[PDB]
Amino acid sequence: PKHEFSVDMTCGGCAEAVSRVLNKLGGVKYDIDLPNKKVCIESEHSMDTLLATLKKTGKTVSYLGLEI
């Protein structure tokens, strides 16, 4: 599916950090929108896997829902 999340990305460094955590996890296609502090993910991973993955940044995350 394509899962929309909210992530507290303050700057380009933080957006890049989100890129890398998703990268490590793998099996994801993503579009991080820095000004709107959102990240859209196409994947077969669990919302919960995706959520845990994004929270490893230390930033505030939440699942908004399907985009889709």
# chains A, B, ... in the order shown; residues from 1 in each chain; ligands from 1
>>> residues_around(residues="segment 62-65 of chain A", least_positions_apart="6", cutoff="10 Å", atoms="only C-alpha atoms", output="PyMOL selection string")
chain A and resi 2-8+38-40+47-48+50-51+54-55
>>> write_last_selection(atoms="N, CA and C atoms", output="compact mmCIF listing (two decimals), in the first residue's frame")
# COMPACT_ATOMS: atom_id res chain seq x y z
N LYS A 2 0.21 2.40 0.00
CA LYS A 2 0.85 3.71 0.16
C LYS A 2 0.30 4.54 1.32
N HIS A 3 1.15 4.49 2.34
CA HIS A 3 0.92 4.88 3.69
C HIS A 3 1.45 6.33 3.84
N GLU A 4 0.60 7.27 4.20
CA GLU A 4 1.08 8.60 4.55
C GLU A 4 1.39 8.72 6.02
N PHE A 5 2.58 9.24 6.32
CA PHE A 5 2.99 9.67 7.64
C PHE A 5 3.37 11.10 7.80
N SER A 6 3.21 11.53 9.03
CA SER A 6 3.72 12.77 9.52
C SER A 6 5.11 12.57 10.23
N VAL A 7 6.15 13.31 9.86
CA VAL A 7 7.42 13.30 10.57
C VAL A 7 7.90 14.72 10.82
N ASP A 8 8.25 15.01 12.07
CA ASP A 8 8.81 16.29 12.44
C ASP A 8 10.21 16.56 11.88
N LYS A 38 5.75 15.66 5.73
CA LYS A 38 5.13 14.40 5.41
C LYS A 38 6.04 13.44 4.62
N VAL A 39 5.72 12.17 4.69
CA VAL A 39 6.44 11.10 4.01
C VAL A 39 5.43 10.07 3.53
N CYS A 40 5.42 9.82 2.25
CA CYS A 40 4.50 8.87 1.65
C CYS A 40 5.32 7.66 1.28
N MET A 47 2.23 -1.12 8.55
CA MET A 47 2.28 0.26 9.05
C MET A 47 3.20 0.25 10.29
N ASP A 48 3.02 -0.72 11.20
CA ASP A 48 3.86 -0.73 12.42
C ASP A 48 5.38 -0.87 12.17
N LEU A 50 6.79 0.21 9.46
CA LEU A 50 7.14 1.53 8.90
C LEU A 50 7.24 2.57 9.99
N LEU A 51 6.26 2.61 10.89
CA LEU A 51 6.29 3.51 12.01
C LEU A 51 7.52 3.36 12.95
N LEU A 54 10.59 4.72 11.05
CA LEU A 54 10.68 6.15 11.07
C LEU A 54 11.00 6.72 12.43
N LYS A 55 10.50 6.15 13.54
CA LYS A 55 10.83 6.64 14.84
C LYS A 55 12.31 6.48 15.28
>>> atom_distance(atom1="atom CA of residue 36 of chain A", atom2="atom CA of residue 14 of chain A")
13.4 Å
>>> closest_residue(among="A:16, A:46, A:52, A:59", to="residue 31 of chain A", atoms="only C-alpha atoms")
A:16
>>> residues_around(residues="residue 28 of chain A", least_positions_apart="2", cutoff="6 Å", atoms="only C-alpha atoms", output="list in words")
residues 26, 42 and 43 of chain A
>>> select_by_dssp(residues="chain A", states="helix (DSSP H, G or I)", output="list in words")
residues 12, 13, 14, 15, 16, 17, 18, 19, 20, 21, 22, 23, 24, 25, 47, 48, 49, 50, 51, 52, 53, 54 and 55 of chain A
>>> write_last_selection(atoms="N, CA and C atoms", output="short mmCIF file (atom, residue, chain, number, x, y, z; two decimals), in the first residue's frame")
data_model
loop_
_atom_site.label_atom_id
_atom_site.label_comp_id
_atom_site.auth_asym_id
_atom_site.auth_seq_id
_atom_site.Cartn_x
_atom_site.Cartn_y
_atom_site.Cartn_z
N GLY A 12 16.82 19.98 6.11
CA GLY A 12 17.25 19.00 5.04
C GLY A 12 18.05 17.85 5.62
N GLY A 13 18.79 18.13 6.69
CA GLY A 13 19.57 17.07 7.35
C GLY A 13 18.64 15.98 7.90
N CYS A 14 17.58 16.43 8.56
CA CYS A 14 16.63 15.49 9.14
C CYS A 14 15.91 14.71 8.03
N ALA A 15 15.52 15.41 6.95
CA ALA A 15 14.82 14.73 5.81
C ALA A 15 15.73 13.64 5.23
N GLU A 16 17.04 13.94 5.15
CA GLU A 16 18.00 12.97 4.63
C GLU A 16 18.15 11.77 5.55
N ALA A 17 18.08 11.99 6.86
CA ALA A 17 18.12 10.97 7.91
C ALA A 17 16.92 10.03 7.69
N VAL A 18 15.75 10.59 7.44
CA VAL A 18 14.57 9.76 7.15
C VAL A 18 14.80 8.91 5.90
N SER A 19 15.42 9.49 4.86
CA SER A 19 15.76 8.77 3.64
C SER A 19 16.56 7.52 3.98
N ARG A 20 17.58 7.72 4.85
CA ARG A 20 18.53 6.63 5.16
C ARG A 20 17.90 5.55 6.03
N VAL A 21 17.10 5.93 7.02
CA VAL A 21 16.44 4.88 7.83
C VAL A 21 15.52 4.03 6.93
N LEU A 22 14.85 4.66 5.98
CA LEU A 22 13.95 3.90 5.10
C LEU A 22 14.76 3.02 4.18
N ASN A 23 15.80 3.64 3.60
CA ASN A 23 16.81 2.87 2.88
C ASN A 23 17.35 1.61 3.56
N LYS A 24 17.79 1.73 4.82
CA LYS A 24 18.26 0.58 5.53
C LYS A 24 17.18 -0.50 5.55
N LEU A 25 15.95 -0.12 5.94
CA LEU A 25 14.83 -1.09 6.04
C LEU A 25 14.64 -1.81 4.71
N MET A 47 2.23 -1.12 8.55
CA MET A 47 2.28 0.26 9.05
C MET A 47 3.20 0.25 10.29
N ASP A 48 3.02 -0.72 11.20
CA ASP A 48 3.86 -0.73 12.42
C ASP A 48 5.38 -0.87 12.17
N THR A 49 5.79 -1.71 11.24
CA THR A 49 7.22 -1.75 10.86
C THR A 49 7.60 -0.34 10.37
N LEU A 50 6.79 0.21 9.46
CA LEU A 50 7.14 1.53 8.90
C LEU A 50 7.24 2.57 9.99
N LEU A 51 6.26 2.61 10.89
CA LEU A 51 6.29 3.51 12.01
C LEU A 51 7.52 3.36 12.95
N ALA A 52 7.87 2.11 13.28
CA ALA A 52 9.03 1.87 14.17
C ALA A 52 10.30 2.37 13.49
N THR A 53 10.42 2.05 12.21
CA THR A 53 11.54 2.49 11.32
C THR A 53 11.69 4.01 11.32
N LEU A 54 10.59 4.72 11.05
CA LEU A 54 10.68 6.15 11.07
C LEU A 54 11.00 6.72 12.43
N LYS A 55 10.50 6.15 13.54
CA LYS A 55 10.83 6.64 14.84
C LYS A 55 12.31 6.48 15.28
#
>>> atom_distance(atom1="atom CA of residue 66 of chain A", atom2="atom CA of residue 10 of chain A")
23.4 Å
>>> closest_residue(among="A:41, A:35, A:29, A:11", to="residue 67 of chain A", atoms="only C-alpha atoms")
A:41
